[PDB]
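Asks: Take the sequence shown: its position 9, counting from 1, is numbered 9 in the entry's author numbering, and each next residue is one higher.
A virtual CB, placed ideally from N, CA and C, is assigned to each residue, including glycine.
One structure, as structure tokens, below. Some questions next.
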Amino acid sequence: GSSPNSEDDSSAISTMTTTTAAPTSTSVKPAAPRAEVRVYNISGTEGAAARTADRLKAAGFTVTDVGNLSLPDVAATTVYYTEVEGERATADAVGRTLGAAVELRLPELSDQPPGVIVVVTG
């Protein structure tokens with residue numbers, strides 16, 4: 001007999017999604033060198049003097065430069081430091097490496113040496 005017929009027609013809906021990326025600005029700033037050591041041999045002798053610089057730079061110190069220079073302020077094998085930041089630490093170690101008289105910023109007034117110096121007499 002009589003059967004119910006389809007009403008009209010059913011509709012449908014939907015949505016659409018979008019996205020966007022954005023660039024990130026990242027910059028790095030240059031580093032600042034701390035404290036340098038420099039081995040001065042006053043008379044010129046064996047490289048055992050420069051050996052203090054070698055082990056030191058390999059220990060993780062900034063610059064270790066070796067040259068022959070007449071220090072008129074020293075009269076004995078002397079490892080000099082200044083007390084800026086902690087420069088006393090490196091020369092306190094090297095003074096024992098070389099086996100020399102370790103001294104404060106006293107040669108600083110006498111001659112004015114750069115940073116920390118290791119003076120060896122020969």
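#1: Mapping DSSP to helix, strand and coil, what is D65?
#2: On the premise that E103 lies in contact with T78, defined as a C-beta separation below 8 Å, what is that separation, rounded to the nearest angstrom?
#3: Quick one: Cα of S110 to Cα of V120, how far?
#4: Between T45 and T24, what straight-line distance do the alpha-carbon atoms span, to the nearest angstrom?
#5: Is the separation between the beta-carbon of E83 and that of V63 shorter than 7 Å?
Replies: Straight from the coordinates:
#1: The residue you call residue 65 lines up with position 65 of the sequence shown. In the structure shown, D65 sits in a strand (DSSP, three-state: E or B).
#2: On the sequence shown, position 78 is the one that residue 78 refers to. On the sequence shown, position 103 is the one that residue 103 refers to. Indeed they touch by this definition, with Cβ atoms about 5 Å apart.
#3: The residue labelled residue 110 in the question sits at position 110 within the sequence shown. The residue labelled residue 120 in the question sits at position 120 within the sequence shown. Near 17 Å, if we compare the C-alpha coordinates of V120 and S110.
#4: Mapped onto the sequence shown, residue 45 falls at position 45. Mapped onto the sequence shown, residue 24 falls at position 24. Approximately 58 Å between the Cα atoms of the pair.
#5: Locating residue 83 in the sequence shown gives position 83, counting from the first residue. Locating residue 63 in the sequence shown gives position 63, counting from the first residue. Result no, Cβ atoms of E83 and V63 do not sit closer than 7 Å.
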